[PDB]
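Student: My file is run_24.txt. It has compact mmCIF, C-alpha atoms and all ligand atoms:
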# COMPACT_ATOMS: atom_id res chain seq x y z
CA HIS A 7 0.00 0.00 0.00
CA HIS A 8 1.41 3.36 -1.06
CA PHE A 9 -0.88 5.36 1.23
CA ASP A 10 -1.48 5.27 4.99
CA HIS A 11 -5.21 4.95 5.70
CA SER A 12 -5.18 2.69 8.77
CA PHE A 13 -3.82 2.67 12.30
CA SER A 14 -4.25 1.14 15.75
CA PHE A 15 -5.99 3.45 18.21
CA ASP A 16 -4.31 3.55 21.64
CA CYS A 17 -6.89 2.79 24.35
CA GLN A 18 -4.35 2.07 27.09
CA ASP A 19 -5.54 3.23 30.53
CA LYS A 20 -8.91 4.56 29.32
CA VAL A 21 -11.41 4.02 32.15
CA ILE A 22 -14.74 2.42 31.14
CA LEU A 23 -17.74 2.25 33.47
CA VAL A 24 -19.80 -0.81 32.50
CA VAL A 25 -23.38 -0.60 33.84
CA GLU A 26 -25.13 -3.92 33.25
CA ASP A 27 -27.21 -6.12 35.56
CA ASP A 28 -26.48 -9.32 33.57
CA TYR A 29 -23.36 -10.92 35.06
CA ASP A 30 -22.28 -12.89 32.00
CA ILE A 31 -22.71 -10.10 29.44
CA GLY A 32 -20.95 -7.70 31.80
CA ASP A 33 -18.07 -10.16 32.26
CA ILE A 34 -17.69 -10.67 28.50
CA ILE A 35 -17.59 -6.91 27.91
CA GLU A 36 -15.08 -6.44 30.75
CA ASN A 37 -12.78 -9.16 29.40
CA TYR A 38 -12.82 -7.69 25.87
CA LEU A 39 -12.16 -4.15 27.13
CA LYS A 40 -9.22 -5.27 29.26
CA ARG A 41 -7.64 -7.00 26.27
CA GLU A 42 -7.29 -3.54 24.68
CA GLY A 43 -5.60 -2.20 27.81
CA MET A 44 -8.63 -0.36 29.16
CA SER A 45 -9.51 -0.15 32.84
CA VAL A 46 -13.00 -1.34 33.76
CA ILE A 47 -15.29 -0.33 36.62
CA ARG A 48 -18.42 -2.45 37.05
CA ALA A 49 -21.85 -1.28 38.18
CA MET A 50 -24.83 -3.61 38.47
CA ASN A 51 -27.52 -0.97 39.10
CA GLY A 52 -28.07 2.73 38.49
CA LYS A 53 -27.54 4.17 41.97
CA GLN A 54 -24.18 2.40 42.12
CA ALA A 55 -23.33 3.67 38.63
CA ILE A 56 -24.11 7.27 39.61
CA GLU A 57 -21.99 7.03 42.77
CA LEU A 58 -19.04 5.42 40.96
CA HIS A 59 -19.21 8.07 38.23
CA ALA A 60 -19.30 10.85 40.84
CA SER A 61 -16.21 9.59 42.69
CA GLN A 62 -13.79 8.78 39.88
CA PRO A 63 -12.60 10.00 36.47
CA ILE A 64 -14.41 8.04 33.74
CA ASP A 65 -13.70 8.17 30.01
CA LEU A 66 -16.82 6.38 28.77
CA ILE A 67 -19.95 4.69 30.12
CA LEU A 68 -21.57 1.59 28.62
CA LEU A 69 -25.12 1.91 29.98
CA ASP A 70 -27.92 -0.67 30.07
CA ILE A 71 -31.15 1.01 28.93
CA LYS A 72 -33.16 -1.24 31.30
CA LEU A 73 -31.93 -1.59 34.88
CA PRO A 74 -33.89 -3.13 37.78
CA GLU A 75 -35.23 0.16 39.18
CA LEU A 76 -34.13 2.91 36.75
CA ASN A 77 -34.28 3.35 32.99
CA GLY A 78 -31.03 4.21 31.26
CA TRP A 79 -32.01 7.80 30.51
CA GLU A 80 -32.70 8.40 34.21
CA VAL A 81 -29.11 7.38 34.98
CA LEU A 82 -27.78 9.43 32.07
CA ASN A 83 -29.71 12.50 33.27
CA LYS A 84 -28.06 12.30 36.69
CA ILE A 85 -24.58 11.58 35.29
CA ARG A 86 -24.86 14.60 32.98
CA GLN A 87 -25.33 16.91 35.95
CA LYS A 88 -21.81 15.94 37.06
CA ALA A 89 -19.94 15.71 33.74
CA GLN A 90 -20.21 15.41 29.96
CA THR A 91 -18.91 11.83 30.06
CA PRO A 92 -19.60 9.97 26.77
CA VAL A 93 -22.25 7.25 26.98
CA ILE A 94 -23.06 4.27 24.75
CA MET A 95 -26.48 2.77 25.49
CA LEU A 96 -26.79 -1.03 25.59
CA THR A 97 -30.11 -1.96 23.98
CA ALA A 98 -31.93 -5.12 22.97
CA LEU A 99 -35.47 -4.33 21.80
CA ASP A 100 -36.21 -2.42 18.61
CA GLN A 101 -38.38 -0.25 20.86
CA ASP A 102 -35.17 0.55 22.79
CA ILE A 103 -33.72 1.99 19.57
CA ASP A 104 -36.74 4.29 19.24
CA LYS A 105 -36.27 5.53 22.81
CA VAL A 106 -32.53 6.17 22.41
CA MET A 107 -33.01 8.03 19.13
CA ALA A 108 -35.66 10.29 20.69
CA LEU A 109 -33.74 11.24 23.85
CA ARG A 110 -33.65 14.94 24.68
CA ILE A 111 -30.34 14.32 26.44
CA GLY A 112 -28.79 11.98 23.93
CA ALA A 113 -26.28 9.16 24.03
CA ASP A 114 -23.15 9.19 21.91
CA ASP A 115 -24.06 5.82 20.36
CA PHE A 116 -25.95 2.62 21.08
CA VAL A 117 -25.34 -1.07 20.48
CA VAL A 118 -28.03 -3.72 19.93
CA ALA A 119 -27.87 -7.08 21.73
CA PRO A 120 -27.03 -9.78 20.96
CA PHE A 121 -23.66 -8.51 19.81
CA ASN A 122 -20.30 -9.86 18.93
CA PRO A 123 -18.20 -8.24 21.68
CA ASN A 124 -15.85 -6.96 19.00
CA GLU A 125 -18.68 -4.66 17.85
CA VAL A 126 -18.81 -3.15 21.34
CA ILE A 127 -15.04 -2.54 21.26
CA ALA A 128 -15.33 -0.86 17.85
CA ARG A 129 -18.07 1.47 19.09
CA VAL A 130 -16.19 2.28 22.31
CA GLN A 131 -13.14 3.20 20.21
CA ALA A 132 -15.21 5.32 17.82
CA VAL A 133 -16.74 7.35 20.64
CA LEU A 134 -13.44 7.66 22.53
CA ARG A 135 -11.89 9.01 19.33
CA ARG A 136 -14.65 11.55 18.69
CA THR A 137 -14.40 12.73 22.33
CA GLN A 138 -10.59 12.52 22.68
CA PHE A 139 -10.26 16.30 23.11
CA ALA A 140 -13.80 17.16 24.24
CA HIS B 6 -42.07 13.41 33.01
CA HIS B 7 -40.96 13.96 29.42
CA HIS B 8 -37.60 12.57 28.34
CA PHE B 9 -38.11 12.44 24.58
CA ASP B 10 -38.40 14.58 21.48
CA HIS B 11 -39.95 12.90 18.46
CA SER B 12 -39.23 15.69 15.99
CA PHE B 13 -35.80 14.25 15.15
CA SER B 14 -37.15 11.84 12.51
CA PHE B 15 -38.78 14.68 10.54
CA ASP B 16 -35.36 16.30 10.09
CA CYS B 17 -34.21 13.30 7.98
CA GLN B 18 -37.05 13.58 5.47
CA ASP B 19 -35.96 14.09 1.84
CA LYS B 20 -32.28 13.56 2.69
CA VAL B 21 -30.56 11.59 -0.10
CA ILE B 22 -28.92 8.23 0.70
CA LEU B 23 -26.56 6.56 -1.78
CA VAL B 24 -27.02 2.82 -1.14
CA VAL B 25 -24.02 0.88 -2.50
CA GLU B 26 -24.84 -2.81 -2.21
CA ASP B 27 -23.87 -5.66 -4.54
CA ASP B 28 -26.86 -7.86 -3.62
CA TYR B 29 -29.97 -6.62 -5.45
CA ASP B 30 -32.39 -8.06 -2.89
CA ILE B 31 -30.60 -6.62 0.15
CA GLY B 32 -30.49 -3.20 -1.49
CA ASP B 33 -34.18 -3.38 -2.47
CA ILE B 34 -35.13 -4.07 1.15
CA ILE B 35 -32.87 -1.36 2.59
CA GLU B 36 -34.26 1.13 0.05
CA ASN B 37 -37.84 0.29 1.00
CA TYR B 38 -37.23 0.87 4.71
CA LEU B 39 -35.40 4.16 4.07
CA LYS B 40 -38.20 5.43 1.80
CA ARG B 41 -40.83 4.33 4.33
CA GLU B 42 -39.24 6.84 6.73
CA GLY B 43 -39.27 9.59 4.12
CA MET B 44 -35.69 9.54 2.87
CA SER B 45 -34.77 9.27 -0.78
CA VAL B 46 -32.43 6.66 -2.22
CA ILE B 47 -30.02 6.35 -5.13
CA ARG B 48 -28.85 2.79 -5.86
CA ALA B 49 -25.35 1.81 -6.96
CA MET B 50 -24.46 -1.87 -7.52
CA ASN B 51 -20.66 -1.52 -7.67
CA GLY B 52 -17.86 0.91 -6.96
CA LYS B 53 -17.81 2.55 -10.40
CA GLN B 54 -21.50 3.35 -10.19
CA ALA B 55 -21.03 4.67 -6.66
CA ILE B 56 -18.24 7.01 -7.76
CA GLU B 57 -20.17 8.33 -10.77
CA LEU B 58 -23.40 8.93 -8.87
CA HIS B 59 -21.58 10.54 -5.94
CA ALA B 60 -19.78 12.86 -8.36
CA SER B 61 -22.99 14.04 -10.05
CA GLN B 62 -25.80 13.86 -7.46
CA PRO B 63 -26.20 15.70 -4.14
CA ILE B 64 -25.68 12.92 -1.59
CA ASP B 65 -26.30 13.41 2.12
CA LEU B 66 -24.97 10.00 3.26
CA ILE B 67 -23.46 6.84 1.72
CA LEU B 68 -24.37 3.34 2.92
CA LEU B 69 -21.39 1.36 1.64
CA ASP B 70 -21.01 -2.42 1.23
CA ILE B 71 -17.52 -3.83 1.82
CA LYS B 72 -17.68 -6.66 -0.72
CA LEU B 73 -18.13 -5.37 -4.27
CA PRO B 74 -17.29 -6.92 -7.65
CA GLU B 75 -14.24 -4.82 -8.59
CA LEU B 76 -13.12 -2.06 -6.24
CA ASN B 77 -13.97 -3.17 -2.74
CA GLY B 78 -15.79 -0.91 -0.31
CA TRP B 79 -12.61 0.31 1.42
CA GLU B 80 -11.13 1.30 -1.93
CA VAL B 81 -14.38 3.00 -2.98
CA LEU B 82 -14.35 4.92 0.30
CA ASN B 83 -10.82 6.20 -0.42
CA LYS B 84 -11.79 7.29 -3.94
CA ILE B 85 -14.87 9.08 -2.61
CA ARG B 86 -12.87 10.87 0.09
CA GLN B 87 -10.26 12.08 -2.42
CA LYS B 88 -13.03 14.37 -3.72
CA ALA B 89 -15.38 15.00 -0.78
CA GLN B 90 -15.94 14.25 2.91
CA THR B 91 -19.44 12.79 2.48
CA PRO B 92 -20.68 10.93 5.59
CA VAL B 93 -20.47 7.16 5.24
CA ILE B 94 -21.90 4.16 7.11
CA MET B 95 -20.22 0.84 6.33
CA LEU B 96 -22.32 -2.30 5.80
CA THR B 97 -20.17 -4.99 7.42
CA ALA B 98 -20.65 -8.74 7.76
CA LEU B 99 -17.43 -10.43 8.95
CA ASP B 100 -15.32 -9.98 12.07
CA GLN B 101 -12.45 -8.92 9.80
CA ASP B 102 -14.66 -6.07 8.54
CA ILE B 103 -15.09 -4.84 12.12
CA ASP B 104 -11.31 -4.91 12.54
CA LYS B 105 -10.90 -2.81 9.41
CA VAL B 106 -13.55 -0.31 10.51
CA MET B 107 -11.69 0.15 13.80
CA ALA B 108 -8.40 0.71 11.98
CA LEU B 109 -9.63 3.53 9.70
CA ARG B 110 -7.58 6.69 10.32
CA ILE B 111 -10.52 8.85 9.20
CA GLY B 112 -13.30 7.02 10.98
CA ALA B 113 -16.42 5.87 9.24
CA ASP B 114 -19.33 7.91 10.52
CA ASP B 115 -20.92 4.63 11.62
CA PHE B 116 -21.20 0.98 10.67
CA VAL B 117 -23.82 -1.74 10.92
CA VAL B 118 -23.18 -5.49 11.27
CA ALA B 119 -25.09 -8.15 9.38
CA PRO B 120 -27.62 -9.61 9.75
CA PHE B 121 -29.06 -6.14 9.23
CA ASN B 122 -31.70 -5.00 11.70
CA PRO B 123 -33.71 -2.63 9.46
CA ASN B 124 -34.78 -0.38 12.32
CA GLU B 125 -31.14 -0.13 13.38
CA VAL B 126 -30.11 0.81 9.82
CA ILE B 127 -32.78 3.55 9.75
CA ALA B 128 -31.72 4.80 13.18
CA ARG B 129 -28.00 4.92 12.39
CA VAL B 130 -28.61 6.81 9.13
CA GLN B 131 -30.79 9.31 10.99
CA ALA B 132 -28.21 9.71 13.76
CA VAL B 133 -25.34 10.41 11.35
CA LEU B 134 -27.46 12.86 9.32
CA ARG B 135 -28.21 14.75 12.54
CA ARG B 136 -24.55 14.79 13.69
CA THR B 137 -23.26 15.95 10.28
CA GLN B 138 -25.41 19.10 10.04
MG MG A 201 -29.17 -5.91 31.51
MG MG A 202 -26.66 -7.02 15.50
MG MG A 203 -23.41 -7.13 -0.13
Show me the file's structure as structure tokens.
Ligand SMILES: [Mg+2]
Ligand SMILES: [Mg+2]
Ligand SMILES: [Mg+2]
Tutor:
Amino acid sequence: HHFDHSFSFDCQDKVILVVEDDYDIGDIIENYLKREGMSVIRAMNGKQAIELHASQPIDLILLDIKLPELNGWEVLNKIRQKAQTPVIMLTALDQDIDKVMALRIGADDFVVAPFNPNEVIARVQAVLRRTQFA
Amino acid sequence: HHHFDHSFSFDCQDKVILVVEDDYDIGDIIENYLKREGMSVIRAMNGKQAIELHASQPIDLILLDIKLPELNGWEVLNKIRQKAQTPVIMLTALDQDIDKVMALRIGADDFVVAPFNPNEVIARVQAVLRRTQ
């Protein structure tokens, strides 16, 4: 190739808050993120997610749209009062896509389950790149 | 309590989507869903058609297949970007396609992974159109 169109984005030490009540999906995501050198903080419900976000620098949040007692946009609304941290919504239902697209306080992206975990990594990298200097 | 704003879909109406897809049936279906939501569609079946139609028609967004009969989708993307920075969403199907999306120095505006969820395709097109003025 005579031209340089490709590269490897450096994610080392980026801190990802993974908010997911499903243990196995959360574990899969965590394992894939760590393979890229990212640091992972786990939250299994929204009140925990809000407290962990408030007490620590976070580069990106992967946020379940449906938690046991809060909807994802309720968590995002509270997080946004503390910081402009990028958020990718984890969805599953086509109705979830409608909700995300219509948010007044929007997410940076979404991903639709079931997913190849490599898709999640790609979307995390894309949002981290767009918000590198935000 | 009101968390939503449903006007965002109306902003996509009449925007022009260049759908570059080598499978006639897949492109027919994608076109139908995009038109159902009020967008307009121009169809290209290979890279040469994509380059000609992009050069001559006002295009708001390109939906770009990776596997194409001559130039592949990555090579078409490079030829398109030599002339203009038109937003692009890649239609991917293999893990290796996801790797290549991640490696792009000038990122694709989005991508979607087969099998294609048609409501996800609609939503990602709308989201990129909104982000790119
Ligand atoms: Mg869950
Ligand atoms: Mg999928
Ligand atoms: Mg195809």
Student: Report, in Å to a single decimal, how far apart CA of residue 69 (chain A) and CA of residue 31 (chain A) are.
Tutor: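 Between CA of residue 31 (chain A) and CA of residue 69 (chain A) the gap works out to 12.3 Å.
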Student: Identify all chain A residues at most 7 Å from chain B by counting only C-alpha atoms; ligands do not count. Present them as a short mmCIF file (atom, residue, chain, number, x, y, z; two decimals) with C-alpha atoms, in the frame of the given file.
Tutor:
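Result saved to result-v2.cif:
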data_model
loop_
_atom_site.label_atom_id
_atom_site.label_comp_id
_atom_site.auth_asym_id
_atom_site.auth_seq_id
_atom_site.Cartn_x
_atom_site.Cartn_y
_atom_site.Cartn_z
CA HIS A 11 -5.21 4.95 5.70
CA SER A 12 -5.18 2.69 8.77
CA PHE A 13 -3.82 2.67 12.30
CA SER A 14 -4.25 1.14 15.75
CA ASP A 100 -36.21 -2.42 18.61
CA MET A 107 -33.01 8.03 19.13
CA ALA A 108 -35.66 10.29 20.69
CA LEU A 109 -33.74 11.24 23.85
CA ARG A 110 -33.65 14.94 24.68
CA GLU A 125 -18.68 -4.66 17.85
CA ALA A 128 -15.33 -0.86 17.85
#
Student: How would you write as a list in words the residues that get within 12 Å of (-14.3, -2.1, -5.4) in the file's frame, counting all atoms listed in the file?
Tutor: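 Every polymer residue passing the test: residues 25, 26, 27, 49, 50, 51, 52, 53, 54, 55, 56, 69, 70, 71, 72, 73, 74, 75, 76, 77, 78, 79, 80, 81, 82, 83, 84 and 85 of chain B.
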Student: Please check which protein, DNA or RNA residues sit within 10 Å of ligand MG 201 (chain A), counting all atoms listed in the file, and write them as a list in words.
Tutor: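 Final answer, ordered by chain and number: residues 25, 26, 27, 28, 29, 30, 31, 32, 50, 51, 69, 70, 71, 72, 73, 74, 96, 97, 98 and 119 of chain A.
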Student: Please write the residues from the selection above to a file, keeping C-alpha atoms, as a tab-separated table (two decimals), in the coordinates of the input.
Tutor:
chain	number	residue	atom	x	y	z
A	25	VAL	CA	-23.38	-0.60	33.84
A	26	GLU	CA	-25.13	-3.92	33.25
A	27	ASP	CA	-27.21	-6.12	35.56
A	28	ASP	CA	-26.48	-9.32	33.57
A	29	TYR	CA	-23.36	-10.92	35.06
A	30	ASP	CA	-22.28	-12.89	32.00
A	31	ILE	CA	-22.71	-10.10	29.44
A	32	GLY	CA	-20.95	-7.70	31.80
A	50	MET	CA	-24.83	-3.61	38.47
A	51	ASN	CA	-27.52	-0.97	39.10
A	69	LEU	CA	-25.12	1.91	29.98
A	70	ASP	CA	-27.92	-0.67	30.07
A	71	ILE	CA	-31.15	1.01	28.93
A	72	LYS	CA	-33.16	-1.24	31.30
A	73	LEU	CA	-31.93	-1.59	34.88
A	74	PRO	CA	-33.89	-3.13	37.78
A	96	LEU	CA	-26.79	-1.03	25.59
A	97	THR	CA	-30.11	-1.96	23.98
A	98	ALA	CA	-31.93	-5.12	22.97
A	119	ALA	CA	-27.87	-7.08	21.73
Student: At a cut-off of 7 Å, can you tabulate as CSV every residue of chain A near ligand MG 202 (chain A) together with its closest atom pair and the distance in Å to one decimal, using only C-alpha atoms and all ligand atoms and ordering rows by chain then number?
Tutor:
residue,atom,partner,partner_atom,distance
A:118,CA,A:MG202,MG,5.7
A:119,CA,A:MG202,MG,6.3
A:120,CA,A:MG202,MG,6.1
A:121,CA,A:MG202,MG,5.5
Student: Can you write out the residues you just picked, keeping C-alpha atoms, as a short mmCIF file (atom, residue, chain, number, x, y, z; two decimals), in the coordinates of the input?
Tutor:
data_model
loop_
_atom_site.label_atom_id
_atom_site.label_comp_id
_atom_site.auth_asym_id
_atom_site.auth_seq_id
_atom_site.Cartn_x
_atom_site.Cartn_y
_atom_site.Cartn_z
CA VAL A 118 -28.03 -3.72 19.93
CA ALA A 119 -27.87 -7.08 21.73
CA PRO A 120 -27.03 -9.78 20.96
CA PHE A 121 -23.66 -8.51 19.81
#
Student: Considering all atoms listed in the file, state which residue in the set B:45, B:18, B:61, B:137 is at the smallest distance from residue 88 (chain B).
Tutor: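 Result for the nearest residue to residue 88 (chain B): B:61.
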Student: Excluding residue 35 (chain A) and its own-chain neighbours fewer than 2 positions away, which residues fall within 9 Å of it when counting all atoms listed in the file? Please give them as a PyMOL selection string.
Tutor: chain A and resi 24+30-33+37-40+123+126-127
Student: Find the distance between CA of residue 32 (chain B) and CA of residue 102 (chain B) and write it in Å to one decimal.
Tutor: 19.0 Å
Student: What does the distance from CA of residue 135 (chain B) to CA of residue 83 (chain A) come to in Å, to one decimal?
Tutor: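 For CA of residue 135 (chain B) relative to CA of residue 83 (chain A), the distance reads 20.9 Å.
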Student: When distances are computed from only C-alpha atoms and all ligand atoms, which of B:31, B:89, B:47, B:133 shows the smallest separation from ligand MG 203 (chain A)?
Tutor: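 With only C-alpha atoms and all ligand atoms as the atom set, the closest residue is B:31.
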Student: For a quick check of understanding, using all atoms listed in the file, which of B:17, B:60, B:68, B:91 has the smallest distance to residue 36 (chain B)?
Tutor: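 Smallest separation from residue 36 (chain B) among the options: B:68.
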Student: Using all atoms listed in the file, which of B:63, B:92, B:120, B:43 sits nearest ligand MG 203 (chain A)?
Tutor: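 Distance minimum relative to ligand MG 203 (chain A) lands on B:120.
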Student: If we count all atoms listed in the file, what is near region 55-61 of chain A at a cut-off of 12 Å, once residues fewer than 6 positions away on the same chain are taken out, given as a ChimeraX atom specification?
Tutor: /A:21-27,46-49,67-70,73,76,78,80-93
Student: Determine the nearest neighbour of residue 62 (chain B) from the options B:119, B:134, B:21, B:99, counting only C-alpha atoms.
Tutor: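 Using only C-alpha atoms, the shortest distance to residue 62 (chain B) belongs to B:21.
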Student: Using the file's own x, y and z axes, what box holds all listed atoms of region 86-102 of chain B with 5 Å on each side, keeping edges along x, y and z, and what are its centre and edge lengths in Å to one decimal, as JSON?
Tutor:
{"center_x": -16.3, "center_y": 2.3, "center_z": 4.2, "size_x": 22.1, "size_y": 35.4, "size_z": 25.8}
Student: Smallest atom-to-atom distance to residue 45 (chain A): which of A:9, A:77, A:19, A:62, using all atoms listed in the file?
Tutor: A:19
Student: Kindly complete region 106-131 of chain B to N, CA and C atoms; the output should be written as a PDB file, in the frame of the given file.
Tutor:
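Output contents, as saved in selection27.pdb:
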ATOM      1  N   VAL B 106     -12.867  -1.534  10.104  1.00  0.00           N
ATOM      2  CA  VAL B 106     -13.550  -0.310  10.510  1.00  0.00           C
ATOM      3  C   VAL B 106     -12.781   0.374  11.640  1.00  0.00           C
ATOM      4  N   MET B 107     -12.399  -0.403  12.653  1.00  0.00           N
ATOM      5  CA  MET B 107     -11.690   0.150  13.800  1.00  0.00           C
ATOM      6  C   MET B 107     -10.367   0.781  13.402  1.00  0.00           C
ATOM      7  N   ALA B 108      -9.727   0.247  12.369  1.00  0.00           N
ATOM      8  CA  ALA B 108      -8.400   0.710  11.980  1.00  0.00           C
ATOM      9  C   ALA B 108      -8.440   1.950  11.094  1.00  0.00           C
ATOM     10  N   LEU B 109      -9.611   2.396  10.627  1.00  0.00           N
ATOM     11  CA  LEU B 109      -9.630   3.530   9.700  1.00  0.00           C
ATOM     12  C   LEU B 109      -9.114   4.799  10.380  1.00  0.00           C
ATOM     13  N   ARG B 110      -8.130   5.460   9.749  1.00  0.00           N
ATOM     14  CA  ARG B 110      -7.580   6.690  10.320  1.00  0.00           C
ATOM     15  C   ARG B 110      -8.600   7.822  10.328  1.00  0.00           C
ATOM     16  N   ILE B 111      -9.354   7.975   9.243  1.00  0.00           N
ATOM     17  CA  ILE B 111     -10.520   8.850   9.200  1.00  0.00           C
ATOM     18  C   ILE B 111     -11.722   7.943   9.411  1.00  0.00           C
ATOM     19  N   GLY B 112     -12.307   8.012  10.603  1.00  0.00           N
ATOM     20  CA  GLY B 112     -13.300   7.020  10.980  1.00  0.00           C
ATOM     21  C   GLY B 112     -14.513   7.066  10.078  1.00  0.00           C
ATOM     22  N   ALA B 113     -15.095   5.893   9.838  1.00  0.00           N
ATOM     23  CA  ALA B 113     -16.420   5.870   9.240  1.00  0.00           C
ATOM     24  C   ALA B 113     -17.393   6.550  10.197  1.00  0.00           C
ATOM     25  N   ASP B 114     -18.386   7.239   9.641  1.00  0.00           N
ATOM     26  CA  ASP B 114     -19.330   7.910  10.520  1.00  0.00           C
ATOM     27  C   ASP B 114     -20.093   6.917  11.380  1.00  0.00           C
ATOM     28  N   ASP B 115     -20.397   5.743  10.833  1.00  0.00           N
ATOM     29  CA  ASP B 115     -20.920   4.630  11.620  1.00  0.00           C
ATOM     30  C   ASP B 115     -20.717   3.360  10.815  1.00  0.00           C
ATOM     31  N   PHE B 116     -21.165   2.249  11.388  1.00  0.00           N
ATOM     32  CA  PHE B 116     -21.200   0.980  10.670  1.00  0.00           C
ATOM     33  C   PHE B 116     -22.371   0.183  11.215  1.00  0.00           C
ATOM     34  N   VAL B 117     -22.781  -0.828  10.460  1.00  0.00           N
ATOM     35  CA  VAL B 117     -23.820  -1.740  10.920  1.00  0.00           C
ATOM     36  C   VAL B 117     -23.426  -3.154  10.521  1.00  0.00           C
ATOM     37  N   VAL B 118     -23.666  -4.117  11.416  1.00  0.00           N
ATOM     38  CA  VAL B 118     -23.180  -5.490  11.270  1.00  0.00           C
ATOM     39  C   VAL B 118     -24.318  -6.413  10.868  1.00  0.00           C
ATOM     40  N   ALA B 119     -24.099  -7.188   9.810  1.00  0.00           N
ATOM     41  CA  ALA B 119     -25.090  -8.150   9.380  1.00  0.00           C
ATOM     42  C   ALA B 119     -25.219  -9.274  10.417  1.00  0.00           C
ATOM     43  N   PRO B 120     -26.412  -9.889  10.545  1.00  0.00           N
ATOM     44  CA  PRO B 120     -27.620  -9.610   9.750  1.00  0.00           C
ATOM     45  C   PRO B 120     -28.208  -8.252  10.089  1.00  0.00           C
ATOM     46  N   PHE B 121     -28.697  -7.545   9.073  1.00  0.00           N
ATOM     47  CA  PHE B 121     -29.060  -6.140   9.230  1.00  0.00           C
ATOM     48  C   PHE B 121     -30.426  -6.030   9.899  1.00  0.00           C
ATOM     49  N   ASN B 122     -30.455  -5.364  11.033  1.00  0.00           N
ATOM     50  CA  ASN B 122     -31.700  -5.000  11.700  1.00  0.00           C
ATOM     51  C   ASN B 122     -32.203  -3.745  10.989  1.00  0.00           C
ATOM     52  N   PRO B 123     -33.338  -3.794  10.290  1.00  0.00           N
ATOM     53  CA  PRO B 123     -33.710  -2.630   9.460  1.00  0.00           C
ATOM     54  C   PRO B 123     -34.020  -1.391  10.286  1.00  0.00           C
ATOM     55  N   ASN B 124     -34.544  -1.551  11.498  1.00  0.00           N
ATOM     56  CA  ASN B 124     -34.780  -0.380  12.320  1.00  0.00           C
ATOM     57  C   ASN B 124     -33.483   0.196  12.853  1.00  0.00           C
ATOM     58  N   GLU B 125     -32.462  -0.648  13.046  1.00  0.00           N
ATOM     59  CA  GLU B 125     -31.140  -0.130  13.380  1.00  0.00           C
ATOM     60  C   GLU B 125     -30.514   0.617  12.206  1.00  0.00           C
ATOM     61  N   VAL B 126     -30.664   0.105  10.977  1.00  0.00           N
ATOM     62  CA  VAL B 126     -30.110   0.810   9.820  1.00  0.00           C
ATOM     63  C   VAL B 126     -30.736   2.202   9.699  1.00  0.00           C
ATOM     64  N   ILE B 127     -32.072   2.269   9.750  1.00  0.00           N
ATOM     65  CA  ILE B 127     -32.780   3.550   9.750  1.00  0.00           C
ATOM     66  C   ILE B 127     -32.234   4.482  10.821  1.00  0.00           C
ATOM     67  N   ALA B 128     -32.138   3.977  12.053  1.00  0.00           N
ATOM     68  CA  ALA B 128     -31.720   4.800  13.180  1.00  0.00           C
ATOM     69  C   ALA B 128     -30.287   5.307  13.006  1.00  0.00           C
ATOM     70  N   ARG B 129     -29.377   4.458  12.520  1.00  0.00           N
ATOM     71  CA  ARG B 129     -28.000   4.920  12.390  1.00  0.00           C
ATOM     72  C   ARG B 129     -27.863   5.962  11.285  1.00  0.00           C
ATOM     73  N   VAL B 130     -28.589   5.785  10.175  1.00  0.00           N
ATOM     74  CA  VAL B 130     -28.610   6.810   9.130  1.00  0.00           C
ATOM     75  C   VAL B 130     -29.119   8.129   9.692  1.00  0.00           C
ATOM     76  N   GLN B 131     -30.237   8.085  10.423  1.00  0.00           N
ATOM     77  CA  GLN B 131     -30.790   9.310  10.990  1.00  0.00           C
ATOM     78  C   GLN B 131     -29.810   9.970  11.953  1.00  0.00           C
TER      79      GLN B 131
END
